[PDB]
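Below: the structure, in structure tokens.
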Amino acid sequence: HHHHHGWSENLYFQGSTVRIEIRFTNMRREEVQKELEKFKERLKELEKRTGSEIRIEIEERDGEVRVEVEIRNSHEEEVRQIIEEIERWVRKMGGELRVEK
């Protein structure tokens with residue numbers, strides 16, 4: 001018998017949005033997991049002390065990790081800070097970073 005499972009999410013909003021994406025391959029799976037849990041916690045802190053809204057998407061496939069951060073109602077300072085916490089991953093583990101203004 002044939003089966004289908006589907007899931008979708010649609011977001012409709014207004015305002016400015018900055019998107020930051022990183023992709024890397026790692027060989028410290030549990031370490032990176034705890035760093036991602038720390039990074040999510042830092043983004044929640046940064047969102048709390050600002051008027052912005054922050055969405056983070058994480059995809060993991062056997063060591064390949066892709067992270068997407070979207071910031072709505074952002075200010076330049078807040079974008080610059082988020083890159084910084086991300087820059088450590090790119091520099092230390094190698095990988096790719098992409099900024100969509």
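Every read-out reported here was derived from the displayed coordinates using simple, explicitly stated rules and does not represent laboratory data. A quick note on method: Cβ atoms are made from the backbone with ideal geometry, for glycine too, and the neighbour counts reach across all protein chains shown.
For region 5-47, give me each residue that is assigned to a helix (DSSP H, G or I) and closer than 22 Å to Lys101 by Cα.
The first filter runs over region 5-47 and keeps only residues assigned to a helix (DSSP H, G or I), leaving 29-47.
Matches in region 5-47: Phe39, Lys40, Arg42, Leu43, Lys44, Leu46, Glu47.
Can you pull out the residues in region 15-36 that are exposed (fewer than 10 other Cβ atoms within 10 Å of the Cβ) and at negative phi?
Of all residues in region 15-36, those exposed (fewer than 10 other Cβ atoms within 10 Å of the Cβ) come to 15, 27, 30.
Hits for region 15-36 are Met27, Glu30.
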